[PDB]
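Chemist: One structure, as structure tokens, below. Some questions next.
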Amino acid sequence: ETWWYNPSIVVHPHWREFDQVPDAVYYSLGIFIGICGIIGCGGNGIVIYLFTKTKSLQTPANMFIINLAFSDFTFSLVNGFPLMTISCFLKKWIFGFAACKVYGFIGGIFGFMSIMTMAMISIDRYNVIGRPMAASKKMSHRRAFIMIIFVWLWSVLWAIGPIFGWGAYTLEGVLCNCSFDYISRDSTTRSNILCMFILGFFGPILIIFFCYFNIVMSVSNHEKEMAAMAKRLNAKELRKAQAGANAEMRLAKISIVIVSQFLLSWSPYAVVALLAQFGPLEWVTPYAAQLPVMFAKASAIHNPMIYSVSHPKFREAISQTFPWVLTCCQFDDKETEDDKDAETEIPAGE
Ligand SMILES: CCCCCCCCCCCCCCCCCCCCCC
Ligand SMILES: *C/C=C(C)/C=C\C=C(C)\C=C\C1=C(C)CCCC1(C)C
Ligand SMILES: CCCCCCCCO[C@@H]1O[C@H](CO)[C@@H](O)[C@H](O)[C@H]1O
Ligand SMILES: *C(=O)CCCCCCCCCCCCCCC
């Protein structure tokens, strides 16, 4: 009788008025997300493997990186193959409502986790680079551990609403993947959406900007300070300190690129969602929602590749364990120099 009917999940009327997209579109969608599964799990596994097992990458802050990779790993796993990919190739979600909920809930829980983890990373950056060199503070296992616990609690908190009725996780677009309900406009649903956007999204964003804008409005605070201590009879041993700042600065830069990646990846879909909940629902067509959600879903497969082209210690490790990966991005000793000096201690004024 219809092309959208699902015996397990009640498709919102809105998605029911559209014609069924062509086979080639379903197939491309499945192939697409399936490849995010491979790259995502592949790349994130490597970071988790390399970071937990390399000695040069054993600092507390790096735990955030690992946490982020676990987050992105699980997103790519659960959101790609086989729940969506298989659904596409059959032009239908055959895994039942429970799976849909788990799917949507997992997607949200780790989407909220990736930015909040980045937030914790932006904080570490502020303590090592944002504050003055005299008050510079490095991340400690204690702190770090407590921070991720906050991250996990936070992430689950703002994504579990629909699990208990305060919102919902159902099919969207071509009906082969799940997400929260941004169509229904009842008090309940709308409050959960507002909570997701404000608490889950805008929240960590503020922390981010407050930390990076704080690192920018301190580049000069540091610019002067560097000199004051420089001519402070500080010998050639001043170079050491300088290298350290460069090394840290580079990582801070990295942090920003992965954050930019996240935002550029999710903001579109976020917007289309808001239109569906506050604007012209007639705009939210099958592709209007689908295409932007795919872009969002792939977000979880970018950090590893970003790291592989700009992270020295990490690039080192790769060259030493899975060198084929760095083919087009060949590693060199000179990439780790700044880390060498930054750590090479001075023997009693040398
Ligand atoms: C049904 C036909 C299937 C053909 C499959 C051909 C696939 C061979 C793929 C080789 C892929 C290795 C991928 C795992 C590595 C993840 C890539 C991410 C790069 C991360 C860098 C940090
Ligand atoms: C493909 C499956 C998905 C997108 C499942 C669930 C997604 C959410 C609960 C997303 C929430 C949001 C995030 C992570 C960041 C941008 C804004 C947002 C509220 C749409
Ligand atoms: C991109 C994510 C940035 C994570 C920053 C990890 C912070 C680890 O920064 C590390 O601090 C060590 C001193 O404790 C230095 O020896 C390392 O070179 C430096 O990379
Ligand atoms: C060096 O660090 C590069 C590592 C190689 C990572 C593999 C990247 C393959 C992903 C292909 C992306 C295709 C999308 C098309 C974009 C224009």
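Chain A is numbered as in Swiss-Prot; shown residues: 9-358, in order.
Just so it is clear, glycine is given a Cβ too, placed from its N, Cα and C backbone atoms.
The annotation compositional bias 'Acidic residues' is assigned in Swiss-Prot to 343-352. For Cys108-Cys186, the entry in Swiss-Prot reads disulfide bond, with the evidence type experimental evidence. Swiss-Prot lists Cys336, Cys337 with the feature S-palmitoyl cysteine. Sequence annotations record features per position, and here Swiss-Prot assigns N6-(retinylidene)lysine to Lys305. Annotated topological domain 'Cytoplasmic' per Swiss-Prot: 59-70, 132-151, 225-261, in sequence order. The topological domain 'Extracellular' annotation in Swiss-Prot covers 98-109, 173-199, 284-293. Per Swiss-Prot, the feature transmembrane segment maps to 34-58, 71-97, 110-131, 152-172, 200-224, 262-283, 294-315; the stated evidence is experimental evidence.
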Chemist: Looking only at the recorded stretches 200-224, 262-283, 294-315, which one has the largest tally of CB-CB distances under 8 Å to the transmembrane segment (71-97)?
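Modeler: Between the candidates 200-224, 262-283, 294-315, the best contact partner of the transmembrane segment (71-97) is 294-315.
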Chemist: Cα distance, the residue listed as 'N6-(retinylidene)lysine' to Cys336 (S-palmitoyl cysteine), nearest Å?
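Modeler: Here the two Cα atoms are 26 Å apart.
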Chemist: Kindly point out which of the recorded positions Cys108, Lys305, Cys337 have a C-beta less than 6 Å from some atom of ligand 2.
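Modeler: Once distances to ligand 2 are taken from each Cβ, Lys305 fall under 6 Å.
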Chemist: Can you list which of these recorded positions (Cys108, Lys305, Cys337) have a Cβ closer than 6 Å to ligand 4?
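Modeler: Only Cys337 qualify.
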Chemist: So which of 110-131, 152-172, 200-224, 294-315 is most in touch with the transmembrane segment (34-58), counting Cβ pairs under 8 Å?
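Modeler: Looking at each of 110-131, 152-172, 200-224, 294-315 in turn, the most contacts to the transmembrane segment (34-58) are made by 294-315.
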Chemist: Does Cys186 (disulfide bond) have same-chain partners at least 6 apart in sequence with Cβ under 8 Å from its own Cβ, and which are they?
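Modeler: Correct list: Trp101, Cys108, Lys109, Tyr111, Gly112, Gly115, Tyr177, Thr178, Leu179, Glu180.
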Chemist: Do you know offhand how many angstrom separate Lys305 (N6-(retinylidene)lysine) and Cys337 (S-palmitoyl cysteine) by C-alpha?
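Modeler: Checking the Cα atoms of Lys305 (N6-(retinylidene)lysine) and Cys337 (S-palmitoyl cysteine) gives a distance of 25 Å.
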Chemist: For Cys108 (disulfide bond), just give me the three-state DSSP call.
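Modeler: Assignment for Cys108 (disulfide bond) reads helix.
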